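One chain is shown next in structure tokens, namely the form deposited without the ligand.
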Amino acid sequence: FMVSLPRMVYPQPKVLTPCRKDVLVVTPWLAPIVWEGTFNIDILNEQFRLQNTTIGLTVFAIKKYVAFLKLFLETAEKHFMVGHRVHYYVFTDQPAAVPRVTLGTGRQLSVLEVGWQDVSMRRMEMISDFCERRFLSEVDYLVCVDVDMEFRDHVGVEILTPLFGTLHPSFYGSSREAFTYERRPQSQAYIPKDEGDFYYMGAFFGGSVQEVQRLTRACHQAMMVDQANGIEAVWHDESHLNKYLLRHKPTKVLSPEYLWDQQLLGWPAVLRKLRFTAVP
């Protein structure tokens, strides 16, 4: 059950005036593609706060990657879901190397200790196999991101939806034949040259807990089949994520504002904001 929104004063949306004319803002299966200018964050914040939404953010920081946690977490505090309940889940082989980062009210962090083929499967296995009941009890949505990143601008409830992927920044303007999908028919991640909507990045996906566990379970199973068959997909769990999102369409797609590499790709005019970016 959803209570009424309060009275709000904001500019009238204009039917005969698009917010963005330069980019595709809805997929052919009627999922919004999230770009700056397409959303009124005040309306969305109201909708999600009225449901007392809790967002879980999962991040793996193994071996040398623990060094990235301080900037990752400090910038998440500035930019990620501010105002909403947030639970960080840091999966690491070095619990003691996790920095003590000061968190805003309503936000918490849990450190989860973890122990080549298993390493590739680790993340999908952890989210679907071991953390299943925990997540269902603790959060409404799960977001899975890479640690060697920093938030530079708002990343908020505009992304939340049953299932989302993010446009890989190297491929958003590419033809599908150029996408680095797995191309060997012997792999469960196989996608033919005449299929594919988008190339999604493994570094940022999520959705409701139920849908994220479905995705990670399916990818983990597919990866185990490939292992048994002596094959490893070209881009590992990203190849499987792409296969899954081809066959189970996401209910939102995030624009490359949400996954960018400024050193490699600059700041094109089509990106009004750079929200979550690679660390040089």
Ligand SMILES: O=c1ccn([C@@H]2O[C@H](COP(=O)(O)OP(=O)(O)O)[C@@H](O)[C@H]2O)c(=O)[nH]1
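Note that residue numbering follows the sequence shown and begins at 1.
We do not show the form solved in complex with the ligand, though everything after this point is about it.
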Heavy atom of residue 60 within 4.5 Å of the ligand in the deposited bound form: yes
Exercise: residue 65 in contact with the ligand in the deposited bound form, heavy atom 4.5 Å: yes
Give a yes or no for residue 147: in the deposited bound form, does one of its heavy atoms lie within 4.5 Å of a heavy atom belonging to the ligand? yes
With a 4.5 Å heavy atom cut-off to the ligand in the deposited bound form, the contacting stretch among 139-147, 95-103, 185-193, 157-165 is 139-147
